[PDB]
Amino acid sequence: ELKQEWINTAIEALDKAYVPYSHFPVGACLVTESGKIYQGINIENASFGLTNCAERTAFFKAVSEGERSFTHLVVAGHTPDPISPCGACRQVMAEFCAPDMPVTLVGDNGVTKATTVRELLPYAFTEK
Amino acid sequence: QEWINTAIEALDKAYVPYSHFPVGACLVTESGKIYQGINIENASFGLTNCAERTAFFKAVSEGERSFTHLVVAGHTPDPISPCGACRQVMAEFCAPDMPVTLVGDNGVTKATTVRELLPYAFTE
Amino acid sequence: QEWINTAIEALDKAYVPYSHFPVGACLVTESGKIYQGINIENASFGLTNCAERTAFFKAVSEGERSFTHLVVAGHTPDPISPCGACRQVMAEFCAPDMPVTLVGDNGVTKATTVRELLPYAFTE
Amino acid sequence: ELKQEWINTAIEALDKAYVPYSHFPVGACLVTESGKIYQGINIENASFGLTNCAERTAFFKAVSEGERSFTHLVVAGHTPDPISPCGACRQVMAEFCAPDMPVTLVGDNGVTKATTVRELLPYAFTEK
Ligand SMILES: C[As](C)(=O)[O-]
Ligand SMILES: C[As](C)(=O)[O-]
Ligand SMILES: C[As](C)(=O)[O-]
Ligand SMILES: C[As](C)(=O)[O-]
Ligand SMILES: [Zn+2]
Ligand SMILES: [Zn+2]
Ligand SMILES: [Zn+2]
Ligand SMILES: [Zn+2]
């Protein structure tokens with residue numbers, strides 16, 4: 001039940017995207033230790049390199065409000081296969097999430113992929 | 001003063017385990033809503049996000065598109081200077097005439113604007 | 001003219017499969033050495049690198065630290081504007097007085113400087 | 001023999017770093033289809049988010065000179081375990097390199113890790 005709600009939150013973010021250059025929305029639902037969620041949207045810039053992905057938007061929102069303990073991340077796109085977080089997003093994930101933290105990826109027609117931080121970013125570069 | 005206080009109080013909440021250089025931001029909408037930003041570093045420095053951009057990403061994620069003021073604060077002898085990446089995100093979302101207040105330690109402030117910080121801006 | 005030609009000729013070599021918006025750069029050292037930059041996009045747009053920054057990274061990787069001119073070109077009606085991220089990298093490595101020539105289509109040019117593009121720069 | 005030369009190139013980049021903020025050098029040796037190499041260095045900025053990693057510096061050098069076919073990447077750091085490319089670097093790797101392209105990571109005391117693009121960035125986000 002909870003996972004279905006998180007998926008709906010990530011999907012709803014697709015209509016909150018700021019993507020006037022790619023027209024490629026991505027949505028995220030980041031779940032905290034308490035179960036409160038932070039929604040992420042893609043936010044582009046005319047200089048493409050300053051674009052901020054939905055996953056990172058969710059982390060920056062949560063971390064700015066003092067969140068440091070995360071239990072799940074859901075990411076959605078309008079894609080034939082489940083949306084894949086880019087490497088920059090995976091690196092921010094690794095800063096704040098345990099390797100075992102589950103990640104649910106969804107795409108068109110209900111396609112889903114169950115994964116984890118450890119699986120998305122093996123041998124991760126960290127403060128360590 | 002409330003906007004200055006929001007930016008300064010953010011300094012004690014920043015995620016800066018690598019620089020120990022906190023930056024705070026207060027982004028104000030036309031409706032008067034306040035969005036607070038902090039800098040959020042990463043073990044890979046290039047993935048660090050500035051306080052100004054954190055505030056914009058928060059506000060834009062909640063549908064805000066009309067901004068009337070930005071305050072940026074640091075623990076600096078002179079009023080802190082927004083970096084060029086932050087200025088480019090300001091230009092994406094703010095009118096050139098939108099005022100920007102820069103703050104440092106011991107009450108020092110500098111009044112500026114989007115137009116002055118990023119002249120001949122790269123745009124759409 | 002050679003510096004302008006280097007920046008314009010880079011436009012046909014850019015890696016821009018997503019924007020199809022090429023940008024070229026020519027970075028000149030005090031010794032007269034030329035470094036050419038192109039923009040290099042990524043499927044994740046946020047990992048895109050601008051032509052100006054490509055030129056700086058090339059030059060700095062070869063030990064260059066003294067820069068006397070930067071030319072930036074685009075296929076634009078007015079002279080192309082460096083984004084704020086590029087301006088911040090210029091400020092890392094260039095004196096405020098270093099001249100910057102901006103170029104667009106049909107011979108349009110704009111003369112500027114690091115100091116004018118990024119006033120009150122965030123620094124060391 | 002060739003791999004030892006690439007490792008020396010990546011190690012030599014450690015003395016070409018521009019890292020006045022972290023004092024954490026990273027070196028890279030990117031090998032093209034012809035065997036010509038591009039050396040990468042870490043290049044920091046006072047605004048940390050504009051820092052460019054050694055791996056990406058090597059790719060940007062090579063790609064600016066028309067290179068699009070890469071056969072190996074070596075990365076070096078002064079680290080107890082073999083240096084780990086961050087996720088941003090892995091994402092640029094995936095733009096230009098085949099999943100099977102080998103990656104050699106080295107650290108202090110000759111420690112080495114043999115890996116690949118597919119292993120560093122599974123289920124990679126791409127143009128596809
Ligand atoms: C799937 As993405 C472009 O938000 O890293
Ligand atoms: C003053 As800043 C490092 O947040 O651009
Ligand atoms: C003019 As540009 C997109 O290289 O900063
Ligand atoms: C190991 As690195 C900081 O060059 O991604
Ligand atoms: Zn991403
Ligand atoms: Zn900044
Ligand atoms: Zn730029
Ligand atoms: Zn990296």
# chains A, B, ... in the order shown; residues from 1 in each chain; ligands from 1

call {"tool": "residues_near_ligand", "arguments": {"ligand": "ligand 2", "cutoff": "9 Å", "atoms": "only C-alpha atoms and all ligand atoms", "output": "list in words"}}
result
residues 21, 22, 23, 24, 25, 38, 39, 49, 50, 51, 52, 53, 72, 73, 74, 80, 81, 82, 83, 84, 85, 86 and 87 of chain B; 122 and 123 of chain C; 46, 47, 48 and 49 of chain D

call {"tool": "write_last_selection", "arguments": {"atoms": "N, CA, C and O atoms", "output": "short mmCIF file (atom, residue, chain, number, x, y, z; two decimals), in the first residue's frame"}}
result
data_model
loop_
_atom_site.label_atom_id
_atom_site.label_comp_id
_atom_site.auth_asym_id
_atom_site.auth_seq_id
_atom_site.Cartn_x
_atom_site.Cartn_y
_atom_site.Cartn_z
N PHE B 21 32.29 25.49 5.33
CA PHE B 21 32.00 26.85 4.86
C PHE B 21 30.51 26.92 4.58
O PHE B 21 30.08 26.65 3.45
N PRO B 22 29.68 27.25 5.57
CA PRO B 22 28.23 27.27 5.35
C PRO B 22 27.78 28.51 4.60
O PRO B 22 28.36 29.60 4.72
N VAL B 23 26.74 28.34 3.80
CA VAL B 23 26.07 29.43 3.11
C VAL B 23 24.57 29.25 3.29
O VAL B 23 24.07 28.12 3.23
N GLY B 24 23.86 30.35 3.52
CA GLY B 24 22.42 30.33 3.69
C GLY B 24 21.73 31.24 2.70
O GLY B 24 22.32 32.22 2.23
N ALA B 25 20.49 30.90 2.35
CA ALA B 25 19.74 31.69 1.39
C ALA B 25 18.29 31.81 1.82
O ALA B 25 17.73 30.89 2.44
N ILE B 38 20.28 25.89 1.95
CA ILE B 38 21.60 25.62 2.52
C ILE B 38 22.46 25.00 1.43
O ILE B 38 21.96 24.39 0.48
N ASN B 39 23.78 25.13 1.58
CA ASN B 39 24.65 24.37 0.71
C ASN B 39 24.74 22.91 1.19
O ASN B 39 24.57 22.61 2.38
N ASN B 49 25.80 21.30 -4.08
CA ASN B 49 24.75 22.24 -4.46
C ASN B 49 24.76 23.44 -3.53
O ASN B 49 24.78 23.29 -2.31
N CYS B 50 24.77 24.63 -4.12
CA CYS B 50 24.85 25.87 -3.36
C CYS B 50 23.52 26.19 -2.68
O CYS B 50 22.44 25.79 -3.13
N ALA B 51 23.61 26.99 -1.60
CA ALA B 51 22.41 27.40 -0.87
C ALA B 51 21.40 28.11 -1.77
O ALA B 51 20.20 27.86 -1.66
N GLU B 52 21.87 29.02 -2.63
CA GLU B 52 20.95 29.75 -3.50
C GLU B 52 20.16 28.78 -4.37
O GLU B 52 18.93 28.91 -4.51
N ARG B 53 20.86 27.82 -4.97
CA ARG B 53 20.21 26.85 -5.84
C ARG B 53 19.29 25.91 -5.05
O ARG B 53 18.20 25.58 -5.53
N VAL B 72 21.38 36.21 0.52
CA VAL B 72 22.43 35.20 0.66
C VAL B 72 23.35 35.64 1.79
O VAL B 72 23.74 36.81 1.85
N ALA B 73 23.70 34.71 2.67
CA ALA B 73 24.53 34.99 3.84
C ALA B 73 25.67 33.99 3.95
O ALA B 73 25.51 32.81 3.63
N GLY B 74 26.81 34.47 4.45
CA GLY B 74 27.91 33.61 4.81
C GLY B 74 28.62 34.15 6.03
O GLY B 74 28.37 35.27 6.46
N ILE B 80 28.79 38.00 1.32
CA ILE B 80 29.14 36.85 0.49
C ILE B 80 28.69 37.06 -0.96
O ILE B 80 27.62 37.61 -1.23
N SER B 81 29.51 36.58 -1.90
CA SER B 81 29.28 36.70 -3.33
C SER B 81 28.68 35.44 -3.92
O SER B 81 29.33 34.40 -3.86
N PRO B 82 27.51 35.48 -4.54
CA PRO B 82 27.01 34.29 -5.23
C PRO B 82 27.93 33.86 -6.36
O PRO B 82 28.41 34.68 -7.16
N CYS B 83 28.18 32.56 -6.45
CA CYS B 83 29.00 32.09 -7.56
C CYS B 83 28.23 32.18 -8.88
O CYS B 83 27.01 32.40 -8.93
N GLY B 84 28.97 32.03 -9.98
CA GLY B 84 28.35 32.19 -11.28
C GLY B 84 27.28 31.16 -11.59
O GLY B 84 26.32 31.47 -12.31
N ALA B 85 27.44 29.93 -11.10
CA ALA B 85 26.40 28.92 -11.31
C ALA B 85 25.09 29.34 -10.66
O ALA B 85 24.01 29.20 -11.26
N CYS B 86 25.17 29.87 -9.44
CA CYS B 86 23.97 30.36 -8.76
C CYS B 86 23.37 31.54 -9.51
O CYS B 86 22.14 31.63 -9.66
N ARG B 87 24.22 32.45 -10.00
CA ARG B 87 23.72 33.59 -10.77
C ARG B 87 22.99 33.12 -12.02
O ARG B 87 21.96 33.69 -12.41
N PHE C 122 32.81 35.59 -6.74
CA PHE C 122 33.09 34.69 -5.63
C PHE C 122 34.46 34.07 -5.80
O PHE C 122 34.74 33.42 -6.82
N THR C 123 35.30 34.23 -4.78
CA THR C 123 36.68 33.80 -4.86
C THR C 123 37.19 33.18 -3.56
O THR C 123 36.49 33.01 -2.58
N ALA D 46 36.56 27.45 -6.61
CA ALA D 46 36.17 27.98 -5.30
C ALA D 46 34.72 27.63 -4.98
O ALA D 46 34.39 27.37 -3.81
N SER D 47 33.86 27.62 -5.99
CA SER D 47 32.53 27.03 -5.87
C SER D 47 32.68 25.54 -6.16
O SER D 47 32.87 25.15 -7.32
N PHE D 48 32.59 24.71 -5.11
CA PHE D 48 32.96 23.30 -5.24
C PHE D 48 32.22 22.59 -6.36
O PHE D 48 32.78 21.71 -7.02
N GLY D 49 30.94 22.93 -6.57
CA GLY D 49 30.13 22.25 -7.57
C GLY D 49 30.63 22.40 -8.99
O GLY D 49 30.19 21.65 -9.87
#

call {"tool": "residues_near_ligand", "arguments": {"ligand": "ligand 4", "cutoff": "7 Å", "atoms": "only C-alpha atoms and all ligand atoms", "output": "list in words"}}
result
residues 125 of chain A; 44 of chain B; 26, 42, 53, 54, 55, 83, 84, 85, 86, 87, 88 and 89 of chain D

call {"tool": "select_by_dssp", "arguments": {"residues": "chain D", "states": "strand (DSSP E)", "output": "ChimeraX atom specification"}}
result
/D:26-32,37-41,70-77,102-106,112-116

call {"tool": "atom_distance", "arguments": {"atom1": "CA of residue 55 in chain B", "atom2": "CA of residue 111 in chain B"}}
result
19.2 Å

call {"tool": "interface_residues", "arguments": {"of": "chain C", "to": "chain A", "cutoff": "6 Å", "atoms": "only C-alpha atoms", "output": "list in words"}}
result
residues 45, 46, 47 and 48 of chain C

call {"tool": "residues_around", "arguments": {"residues": "residue 93 in chain D", "least_positions_apart": "4", "cutoff": "8 Å", "atoms": "only C-alpha atoms", "output": "PyMOL selection string"}}
result
chain D and resi 56+59+89+97+117

call {"tool": "write_last_selection", "arguments": {"atoms": "N, CA and C atoms", "output": "PDB file, in the first residue's frame"}}
result
ATOM      1  N   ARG D  56      36.696  12.917 -15.986  1.00  0.00           N
ATOM      2  CA  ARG D  56      35.974  13.750 -16.940  1.00  0.00           C
ATOM      3  C   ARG D  56      36.919  14.680 -17.692  1.00  0.00           C
ATOM      4  N   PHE D  59      38.194  12.692 -20.580  1.00  0.00           N
ATOM      5  CA  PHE D  59      37.197  12.549 -21.637  1.00  0.00           C
ATOM      6  C   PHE D  59      37.001  13.848 -22.395  1.00  0.00           C
ATOM      7  N   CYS D  89      31.432  10.902 -12.973  1.00  0.00           N
ATOM      8  CA  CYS D  89      32.420  10.376 -13.909  1.00  0.00           C
ATOM      9  C   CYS D  89      31.925   9.111 -14.590  1.00  0.00           C
ATOM     10  N   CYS D  97      31.772   5.152 -23.814  1.00  0.00           N
ATOM     11  CA  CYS D  97      32.442   3.860 -23.751  1.00  0.00           C
ATOM     12  C   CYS D  97      31.433   2.725 -23.764  1.00  0.00           C
ATOM     13  N   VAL D 117      33.025  -0.660 -17.323  1.00  0.00           N
ATOM     14  CA  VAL D 117      31.913   0.285 -17.332  1.00  0.00           C
ATOM     15  C   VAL D 117      30.626  -0.381 -16.851  1.00  0.00           C
TER      16      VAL D 117
END

call {"tool": "select_by_dssp", "arguments": {"residues": "chain A", "states": "helix (DSSP H, G or I)", "output": "PyMOL selection string"}}
result
chain A and resi 2-16+48-50+54-64+87-96+108-110+117-120

call {"tool": "closest_residue", "arguments": {"among": "B:101, B:1, B:54, B:88", "to": "chain C", "atoms": "only C-alpha atoms"}}
result
B:88

call {"tool": "residues_around", "arguments": {"residues": "range 104-107 of chain A", "least_positions_apart": "2", "cutoff": "10 Å", "atoms": "only C-alpha atoms", "output": "VMD selection string"}}
result
chain A and resid 3 6 to 7 10 to 11 26 to 29 72 to 85 102 109 to 116

call {"tool": "atom_distance", "arguments": {"atom1": "CA of residue 30 in chain A", "atom2": "CA of residue 120 in chain A"}}
result
16.0 Å

call {"tool": "closest_residue", "arguments": {"among": "D:103, D:19, D:92, D:98", "to": "ligand 8", "atoms": "only C-alpha atoms and all ligand atoms"}}
result
D:92

call {"tool": "closest_residue", "arguments": {"among": "D:101, D:17, D:31, D:94", "to": "chain A", "atoms": "only C-alpha atoms"}}
result
D:94
